Structures are given as structure tokens and as C-alpha cells.
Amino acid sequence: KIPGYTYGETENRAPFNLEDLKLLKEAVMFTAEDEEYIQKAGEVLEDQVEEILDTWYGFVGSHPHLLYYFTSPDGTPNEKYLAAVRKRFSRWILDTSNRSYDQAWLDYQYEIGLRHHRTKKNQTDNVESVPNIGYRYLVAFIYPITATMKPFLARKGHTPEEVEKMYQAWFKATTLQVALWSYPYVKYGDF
């Protein structure tokens, strides 16, 4: 029901598999305990998803060199572009929470990588905009994406310890995903 959202119906197999994923879970110190807590993160954020997106887009719109990546060629924000991506972004909050990180998940990670990269940016929504998001910012955004989240994890009044556990699980999953999304950016053989 979400236009452009193709989880489980992607054209490509990811170039990484569940063996790659396990080693790389290990590199970010992600275990079964984080599965439980990322899932608990979802139940807690699910309600608040609108406010979260406003927090996030309000940080994005605040910074012209960041808003830039949603702009029409004339410099003005493409509002169709913003609204469509927003729906798919909101769904990723829940996917990160609720999906098995199996091969269909990996296939979508690869896809999300391709859509930030020049390979597939601007094709999902059929818009004219900047061709590529500099990978430097994909990495940088790990910070605000985790930050932005933490206050929201506190709002159903969970213990600070449980909030800390959901925040760490989230920090790890975001780091894990951004690391996968670098594939189409990274010189072949260097990934």
C-alpha cells in the first residue's frame, strides 16, 4: 500500500548473504538480546512515528546542504519527493523493529543502498533531483538517527535501563544497515 515500497519484491539478489550478515552482526556486537530489544523498540515507537518523522525532517529541512538531496534542480524542495520517501522511511522504522533479518531483508538493504546511490536515486518516485547522496553523509547520519530516537524511547515511561537497551539495539541496527548500504558506493572488491 506504500508507493515505491518493494520489500520482498526486489529485482536483485543482494551481493551479501546471511554468512556476511552474521559476521557483521558480530562486528557491531548485535546478539539475540538486541533482537528482543529492537522488537521492544518497535512497540514503543510505533505510536509516535509521526512525531519522529517531523523531528527528523525538521533536522533535515534545517540544513540546506542536507535538504539539498530532496531538491528540484531549481533549489526548491520537491514536496512530492519528501512525502513519498517519508512514508517509506516510516515503514523502515517498523521493519528494523519487526523483520527477521534474513535474505529478503538483506535484499532490501541492498535496494535501500541503491536508492541513496546514483544507481537508483530518483527512480522510485520518478522525480528530478540531485543524482547522488555523498556517502559521507550516510555515515554521518548514524549519529542524528540514533540521537533523534532516544527521547522517543523514553516516552512510554520505561525504566532508564530498558531505554538504554532499546537505544543500544537501535544504534547497532542503524550502524549495521548503513554499513550494508555502502556496497554500491564502495570500489568493487573493497567492501
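One-based numbering along the sequence shown. In this text, the rigid core denotes the largest set of C-alpha atoms whose superposition between the two forms falls within 1.5 Å.
Fitting each structure in 6 other deposited structures of this protein onto the rigid core and averaging C-alpha distances over structures and residues, 156-164 emerges as the more displaced of 61-69 and 156-164. The mean Cα B-factor in the deposited entry runs higher for 43-51 than for the other of 30-38 and 43-51. Higher mean CA B-factor, judged across 75-83 and 88-96 from the recorded values: 75-83.
For the set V139, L153, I145, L67, the PDB entry assigns the largest Cα B-factor to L153. Per the PDB record, residue ranking by Cα B-factor puts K22 in the middle third of the chain. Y188 sits in the highest third of its chain by CA B factor, as recorded in the PDB entry.
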